[PDB]
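Engineer: Sharing a structure, written as structure tokens. Questions coming.
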Amino acid sequence: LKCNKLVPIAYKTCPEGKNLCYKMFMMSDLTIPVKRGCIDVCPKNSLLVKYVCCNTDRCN
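According to the deposited numbering, the sequence shown holds residues 1 to 60 in order.
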């Protein structure tokens, strides 16, 4: 399971223990993400940034 990194022009493999992909977006530039990587558990979303998980490749 590989996903894109901070910069969507290149992707790598999701770290050990984390087979899930996650992507966070700030309230401001909701059109352009703030965080993009992999995680293990799906994180709690806030009223500031929204978190999105994905089990697909090159998702985030």
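For every residue, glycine included, the Cβ atom is placed at its ideal position computed from N, Cα and C.
Rounded to a whole number of angstroms, what is the C-alpha to C-alpha distance between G17 and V41?
Structural biologist: Numbered from its first residue, the sequence shown carries residue 17 at position 17. Numbered from its first residue, the sequence shown carries residue 41 at position 41. Answer to the nearest angstrom: the Cα atoms are 10 Å apart.
Engineer: State buried or exposed for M27, treating a residue as buried only when at least 16 other CB atoms are found within 10 Å of its CB.
Structural biologist: For the purposes of this step, residue 27 is taken as the residue at position 27 of the sequence shown. With fewer than 16 Cβ atoms within 10 Å of its Cβ, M27 is classed as exposed.
Engineer: The ligand NAP and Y11: does any heavy atom of the ligand fall closer than 7 Å to the residue's C-beta?
Structural biologist: No copy of the ligand NAP occurs in the structure displayed, which carries no ligand at all.
Engineer: Name the DSSP beta bridge partners of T13, please?
Structural biologist: In the sequence shown, residue 13 corresponds to position 13, counting from 1. DSSP output for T13 lists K2 as bridge partner(s).
Engineer: Roughly how many angstroms separate the alpha carbons of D57 and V34, rounded to a whole number?
Structural biologist: Residue numbering aside, residue 57 sits at position 57 when the sequence shown is read from its first letter. Residue numbering aside, residue 34 sits at position 34 when the sequence shown is read from its first letter. Near 19 Å, if we compare the C-alpha coordinates of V34 and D57.
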